[PDB]
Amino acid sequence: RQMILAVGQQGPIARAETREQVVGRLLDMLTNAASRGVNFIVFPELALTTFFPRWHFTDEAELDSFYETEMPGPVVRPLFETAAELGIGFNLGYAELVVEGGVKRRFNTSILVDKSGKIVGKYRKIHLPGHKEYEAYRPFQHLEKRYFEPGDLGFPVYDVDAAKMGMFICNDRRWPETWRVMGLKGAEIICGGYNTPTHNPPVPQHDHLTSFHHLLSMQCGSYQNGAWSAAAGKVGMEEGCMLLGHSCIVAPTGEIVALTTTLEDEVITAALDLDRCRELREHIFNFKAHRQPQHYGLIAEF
């Protein structure tokens, strides 16, 4: 029922920084995480590449190169081997390219891997931010809607060694529905990563609120679900675009219990008692006792 959770935040990944060098950076953080007594570490969204959705692509071949066609391929294998051997679980984000009857599926993906290097769970980003086509005024694009399909896995919850775990990815954290669905499935930890620009071209008047909106979302989702939570950012000045810092671990009371202060590769850690969830989920948010889902119908309509 007890454990140490870490977040391995990443500083920038340049456009042509290779996966071998990124896996190296990931591996260093996994060591820094045995040295602090970590049991499970959370890595960012799209952790193996620069954030390619910021560019408009004209070349299919060039776009596909940012996707994984297998998990792990030879290059990413040392991440898995080392984390098994070290007895550490992890959550990894990556672009998943799947071919089905010669049709191409693109997903923004994250997996849960347990202490033994088994992949025990997958989630595909359901809430895709940004816009569908090139906008010339923007210093950088946000073309997630073109480069990915909305996930088709739902918001599942998985048994990871001794913890029930739920994944969200980036923008997902800002939608109560993300949290609630996994909240109703008993998630004790809800975790994921993000790439969050500190500038928003169409709504620049909220830039100075970037950290606020991010932390607010994590804290409230945690609280209203009695769930531990972790957000692992990829951050700093990446290919000219400032990405938000402030990766966090948050308690089931919505109290942030660990926070990053650098814009670089950074490990943070926090102690989690899976039973703390009880302080909320057997009392003020005792769902079975207090919820009235018959009046919530409008949420599920489409």
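For every residue, the number given is its place in the sequence shown, counted from 1.
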(message) When the Cα temperature factors in the entry are averaged, is it 20 to 28 or 7 to 15 that ends up higher?
(response) 20 to 28
(message) Tell me which stretch has the larger mean Cα B-factor in this entry, 235 to 243 or 252 to 260.
(response) 235 to 243
(request) Quick one: which of 268, 42, 271, 34 shows the highest Cα temperature factor in the PDB entry? (result) 34
(request) Pick out which of 136, 169, 227, 112 has the highest C-alpha B-factor in the PDB entry. (result) 136
(request) Within this chain's modelled residues, let me know which third the CA B factor of residue 82 belongs to: lowest, middle or highest. (result) highest
(request) Select lowest, middle or highest to describe the third in which the CA B-factor of residue 89 falls within its chain in this entry. (result) highest
(request) Rank-wise, by C-alpha B-factor, drop residue 163 into the lowest, middle or highest third of its chain. (result) middle
(message) Among the modelled residues of this chain, does the Cα B factor of residue 212 put it in the lowest, middle or highest third?
(response) middle
(request) Rank-wise, by C-alpha B-factor, drop residue 198 into the lowest, middle or highest third of its chain. (result) middle
